[PDB]
Number of protein chains: 2
Amino acid sequence: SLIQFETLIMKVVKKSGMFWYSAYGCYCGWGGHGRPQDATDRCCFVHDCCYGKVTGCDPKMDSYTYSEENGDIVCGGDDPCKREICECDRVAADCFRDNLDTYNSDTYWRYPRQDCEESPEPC
Amino acid sequence: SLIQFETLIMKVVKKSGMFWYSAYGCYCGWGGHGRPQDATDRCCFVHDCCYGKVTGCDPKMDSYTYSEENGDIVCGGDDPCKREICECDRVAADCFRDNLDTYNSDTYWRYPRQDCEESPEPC
Ligand SMILES: [Ca+2]
Ligand SMILES: [Ca+2]
Ligand SMILES: [Zn+2]
């Protein structure tokens with residue numbers, strides 16, 4: 001669930017997802033349209049694409065399981081659908097951490113809407 | 001720290017996953033100027049004032065101590081400066097939660113900046 005996704009960002013990226021990734025670029029935030037503006041923005045585009053390929057459960061409200069093996073996050077596989085949800089959040093959290101080197105809020109925080117008007121890239 | 005502030009929002013508002021406070025009104029988000037547009041927005045104005053009235057520690061990166069006795073967040077530790085930071089966060093979180101009935105993101109999410117170019121009133 002979004003609550004877990006939110007907690008995963010703090011655990012893996014060791015940063016606040018609400019105050020650093022809820023209005024970034026063209027896809028980091030609710031919804032999304034246009035083209036991802038950078039690496040962090042592509043992470044969100046992929047996450048949106050991931051949630052959209054999940055069938056058999058709800059990626060926003062359904063809760064999944066996960067543990068910590070060696071400071072890393074492992075998703076529970078007992079329930080097949082929910083593991084697919086965890087993977088979407090897990091892969092996004094790691095994507096944010098690996099791209100911190102180029103995180104550019106100075107430019108993309110509250111990025112003008114006119115910049116995200118193009119038709120979105122296919123998933 | 002921002003991570004703790006976010007964690008306190010998740011714990012108090014019990015719905016921090018769908019109610020964001022990163023770009024709401026004139027004061028819920030980075031910076032702040034003009035005047036509170038509503039109740040939630042006033043919660044952020046008072047919070048910004050609370051962070052501005054602190055010296056001796058950093059409210060952004062310093063971590064404070066706190067417990068969850070029952071359902072409340074009790075600020076503790078043995079540092080007046082950090083317990084101050086915790087109180088700024090504790091109050092704001094409750095404020096957000098007590099004003100959920102008025103939360104209006106349809107209107108105030110990504111509120112145009114030109115609507116906040118008035119000089120702010122004193123704290
Ligand atoms: Ca999005
Ligand atoms: Ca503010
Ligand atoms: Zn379109």
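Within every chain, numbering begins at 1; the chains are lettered A, B, ... in the order of the sequence lines, protein sequences first and strands thereafter. Both backbone and side-chain heavy atoms feed into the values below; hydrogens, waters and symmetry mates do not.
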For B:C43 and B:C95, what are the C-alpha separation, side-chain angles and deciding distance, and is it a disulfide (SG to SG under 2.5 Å)? CA-CA 6 Å; B:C43 290; B:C95 193; 2.0 Å; yes
Do A:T65 and A:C86 pass the side-chain contact (heavy atoms from CB on, under 4.5 Å) test, and can you show the C-alpha distance, the side-chain angles, and the key distance before you say yes or no? CA-CA 8 Å; A:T65 295; A:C86 179; over 6 Å; no
For B:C57 and B:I85: C-alpha separation, side-chain torsions, deciding distance, then whether side-chain contact (heavy atoms from CB on, under 4.5 Å) applies. CA-CA 9 Å; B:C57 54; B:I85 295 179; 3.5 Å; yes
Under the side-chain contact (heavy atoms from CB on, under 4.5 Å) rule, what do A:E6 and B:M10 come out as? Steps first, then yes or no, please. CA-CA 9 Å; A:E6 201 183 347; B:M10 296 171 75; 3.6 Å; yes
Which is it for A:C88 and A:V54 under the side-chain contact (heavy atoms from CB on, under 4.5 Å) test, yes or no, and what are the steps along the way? CA-CA 9 Å; A:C88 285; A:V54 165; 4.1 Å; yes
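B:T102 places no side-chain N or O within 3.5 Å of a backbone atom of B:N99 that could act as its donor or acceptor partner. For B:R83 (side chain) and B:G76 (main-chain N/O), a donor-acceptor pair under 3.5 Å exists by modelled atom type. The backbone N or O of A:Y64 sits less than 3.5 Å from a side-chain atom of A:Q4, completing a donor-acceptor pair. Of the possible donor and acceptor atoms, none in the side chain of A:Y108 sits under 3.5 Å from a partner among the backbone N and O of A:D41. The closest donor-acceptor contact from the side chain of B:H33 to the backbone of B:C116 lies under 3.5 Å. In terms of modelled atom types and a separation under 3.5 Å, the side chain of A:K60 and the main chain of A:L2 share no donor-acceptor contact. A donor-acceptor contact shorter than 3.5 Å links the side chain of B:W30 to the backbone of A:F19.
The distance from the NZ atom of A:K82 to the CG atom of A:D62 is 5.5 Å, given to the nearest 0.5 Å. One distance of note links OG of A:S1 with CD1 of A:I3; it measures 3.5 Å at 0.5 Å rounding. The structure places OH of B:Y51 at 14.0 Å from SG of B:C123, a figure rounded to the nearest 0.5 Å. The structure places OH of A:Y24 at 7.0 Å from OG of A:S105, a figure rounded to the nearest 0.5 Å. Distance check: A:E87 CD to A:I73 CD1 gives 11.0 Å after rounding to the nearest 0.5 Å. To the nearest 0.5 angstrom, B:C26 atom SG is 11.5 Å from B:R42 atom CZ.
When all heavy atoms of A:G56 and A:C81 are compared, the pair lying nearest together is C-SG, 3.2 Å. The shortest non-hydrogen separation linking A:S22 to B:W109 is O-CZ2, 3.9 Å. The minimum heavy-atom distance linking A:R97 with A:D94 is given by the pair NH2-OD1, 2.6 Å. The two residues B:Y27 and B:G34 come nearest to each other via the heavy atoms OH-O, 2.5 Å. Looking at every heavy atom in both residues, A:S16 comes nearest to A:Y21 through O-CD1, 4.1 Å. Of all non-hydrogen atoms in B:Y111 and B:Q37, the two that sit nearest each other are OH-NE2, 3.2 Å.
No side-chain heavy atom of A:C28 sits less than 4.5 Å from a side-chain heavy atom of A:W20.
Between B:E118 and B:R35 there is a salt bridge, with a side-chain nitrogen of the basic residue lying less than 4.0 Å from a carboxylate oxygen of the acidic one. Under a 4.0 Å N-O distance rule, the pair A:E68/A:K11 qualifies as a salt bridge.
Note on B:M18 and B:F5: same hydrophobic cluster, where clusters join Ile, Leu, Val, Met, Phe, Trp and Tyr whose side-chain heavy atoms are under 4.5 Å apart, directly or indirectly. Each of A:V46 and A:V91 belongs to its own hydrophobic cluster when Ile, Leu, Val, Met, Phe, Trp and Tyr are linked at side-chain heavy-atom distances under 4.5 angstrom.
In this model, no donor atom of one side chain and acceptor atom of the other lie less than 3.5 Å apart for B:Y103 and B:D38. Between the side chains of B:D89 and B:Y66, no donor N or O sits under 3.5 Å from an acceptor N or O.
Applying the 6.0 Å contact sphere to CG of A:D101 captures more than 12 heavy atoms from other residues, nucleotides or ligands.
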